[PDB]
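Pasted below: final37.tsv, TSV, C-alpha atoms (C1' of nucleotides).
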chain	number	residue	atom	x	y	z
N	139	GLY	CA	-34.56	34.45	57.30
N	140	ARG	CA	-35.83	31.50	55.24
N	141	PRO	CA	-38.52	29.41	56.94
N	142	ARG	CA	-38.01	25.71	57.84
N	143	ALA	CA	-39.35	23.03	55.49
N	144	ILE	CA	-41.28	21.30	58.29
N	145	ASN	CA	-42.26	22.64	61.72
N	146	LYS	CA	-42.49	20.43	64.80
N	147	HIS	CA	-46.02	18.96	64.57
N	148	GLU	CA	-45.08	17.28	61.31
N	149	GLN	CA	-41.45	17.09	62.35
N	150	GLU	CA	-42.38	14.47	64.87
N	151	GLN	CA	-45.44	13.27	62.98
N	152	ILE	CA	-42.97	12.41	60.25
N	153	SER	CA	-40.38	11.11	62.64
N	154	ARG	CA	-42.98	8.82	64.24
N	155	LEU	CA	-43.85	7.71	60.71
N	156	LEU	CA	-40.35	6.63	59.63
N	157	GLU	CA	-40.24	4.30	62.65
N	158	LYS	CA	-43.28	2.54	61.27
N	159	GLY	CA	-41.27	1.89	58.13
N	160	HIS	CA	-42.14	4.56	55.63
N	161	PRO	CA	-40.06	5.42	52.58
N	162	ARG	CA	-38.41	8.81	52.67
N	163	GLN	CA	-38.83	8.93	48.89
N	164	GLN	CA	-42.58	9.07	49.44
N	165	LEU	CA	-42.75	11.14	52.60
N	166	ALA	CA	-40.76	13.83	50.80
N	167	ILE	CA	-43.24	14.09	47.96
N	168	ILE	CA	-46.39	14.22	50.13
N	169	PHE	CA	-44.99	16.79	52.44
N	170	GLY	CA	-43.65	18.61	49.35
N	171	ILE	CA	-40.04	18.64	50.49
N	172	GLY	CA	-36.68	17.55	49.17
N	173	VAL	CA	-35.35	14.20	50.08
N	174	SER	CA	-32.02	15.68	51.15
N	175	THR	CA	-33.95	17.71	53.63
N	176	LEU	CA	-35.35	14.59	55.21
N	177	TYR	CA	-32.12	12.75	55.51
N	178	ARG	CA	-31.01	15.88	57.31
N	179	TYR	CA	-33.73	16.12	59.98
N	180	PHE	CA	-33.73	12.34	60.35
N	181	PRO	CA	-30.45	10.54	59.41
N	182	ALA	CA	-30.46	6.79	58.54
N	183	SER	CA	-28.62	6.74	61.80
N	184	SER	CA	-32.02	7.30	63.59
S	1	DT	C1'	-30.48	45.61	46.50
S	2	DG	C1'	-27.93	43.37	51.10
S	3	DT	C1'	-27.61	39.75	54.85
S	4	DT	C1'	-29.10	35.71	57.00
S	5	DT	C1'	-30.87	31.08	57.79
S	6	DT	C1'	-32.47	26.86	55.66
S	7	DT	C1'	-33.68	24.55	51.41
S	8	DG	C1'	-32.93	21.36	47.63
S	9	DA	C1'	-30.26	19.56	43.62
S	10	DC	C1'	-26.16	17.17	42.97
S	11	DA	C1'	-22.05	14.49	43.25
S	12	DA	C1'	-20.08	10.87	45.08
S	13	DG	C1'	-19.38	6.95	48.00
S	14	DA	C1'	-11.70	2.90	50.85
P	1	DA	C1'	-30.95	0.00	40.04
P	2	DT	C1'	-30.89	1.81	45.48
P	3	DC	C1'	-29.81	4.23	49.64
P	4	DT	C1'	-26.84	7.86	52.24
P	5	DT	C1'	-24.33	11.81	53.32
P	6	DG	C1'	-22.05	16.01	52.96
P	7	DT	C1'	-21.12	20.22	49.78
P	8	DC	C1'	-22.88	24.61	47.82
P	9	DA	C1'	-25.49	28.09	44.99
P	10	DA	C1'	-29.55	30.34	45.91
P	11	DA	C1'	-34.52	30.74	47.29
P	12	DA	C1'	-37.27	32.68	50.81
P	13	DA	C1'	-38.11	36.20	54.20
P	14	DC	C1'	-37.32	40.93	56.16
Let me see the file written as structure tokens.
Amino acid sequence: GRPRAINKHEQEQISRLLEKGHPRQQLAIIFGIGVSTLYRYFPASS
DNA sequence: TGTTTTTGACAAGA
DNA sequence: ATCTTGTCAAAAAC
């Protein structure tokens, strides 16, 4: 029912970004999504 | 006015 | 202060 916070384009865009050392705190705000959401798609075990 | 799928705030971390 | 993770009421969508 409810749509996903981030599709795939940005799902990997983002993913690729974290690898370059970006702060979830910031990514979350740009992309207008909750931080919990991010730690969910990409755990600190990634 | 009801279910479902995913979010986001929050609490809590031998 | 940070940084993580899992729980849970409910927003979003039909």
Proximity of chain N to chain P: per-residue shortest pair, 8 Å limit, all atoms listed in the file, as JSON lines:
{"residue": "N:139", "atom": "CA", "partner": "P:13", "partner_atom": "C1'", "distance": 5.0}
{"residue": "N:140", "atom": "CA", "partner": "P:12", "partner_atom": "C1'", "distance": 4.8}
{"residue": "N:141", "atom": "CA", "partner": "P:12", "partner_atom": "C1'", "distance": 7.1}
{"residue": "N:177", "atom": "CA", "partner": "P:4", "partner_atom": "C1'", "distance": 7.9}
{"residue": "N:182", "atom": "CA", "partner": "P:4", "partner_atom": "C1'", "distance": 7.3}
Counting all atoms listed in the file, which residues in chain N sit no more than 12 Å from chain S? For each one, give the nearest pair of atoms and the distance in Å, sorted by chain then residue number, as a tab-separated table.
residue	atom	partner	partner_atom	distance
N:139	CA	S:5	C1'	5.0
N:140	CA	S:5	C1'	5.6
N:141	CA	S:6	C1'	6.7
N:142	CA	S:6	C1'	6.1
N:143	CA	S:7	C1'	7.1
N:144	CA	S:6	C1'	10.7
N:166	CA	S:8	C1'	11.3
N:170	CA	S:8	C1'	11.2
N:171	CA	S:8	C1'	8.1
N:172	CA	S:8	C1'	5.6
N:173	CA	S:8	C1'	7.9
N:174	CA	S:8	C1'	6.7
N:175	CA	S:8	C1'	7.1
N:176	CA	S:8	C1'	10.4
N:177	CA	S:8	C1'	11.7
N:178	CA	S:7	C1'	10.8
N:179	CA	S:6	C1'	11.6
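Across the structure, CA of residue 147 in chain N and CA of residue 159 in chain N are spaced 18.9 Å apart.
Taking CA of residue 183 in chain N as the reference point, CA of residue 167 in chain N is found at 21.4 Å.
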If you take every atom of range 4-13 of chain P that the file lists and fit an axis-aligned box around them with 3 Å extra on each side, what centre and edge lengths come out in Å to one decimal, as AutoDock Vina command-line options?
--center_x -29.6 --center_y 22.0 --center_z 49.6 --size_x 23.0 --size_y 34.3 --size_z 15.2
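Going from CA of residue 164 in chain N over to CA of residue 181 in chain N, you cover 15.8 Å.
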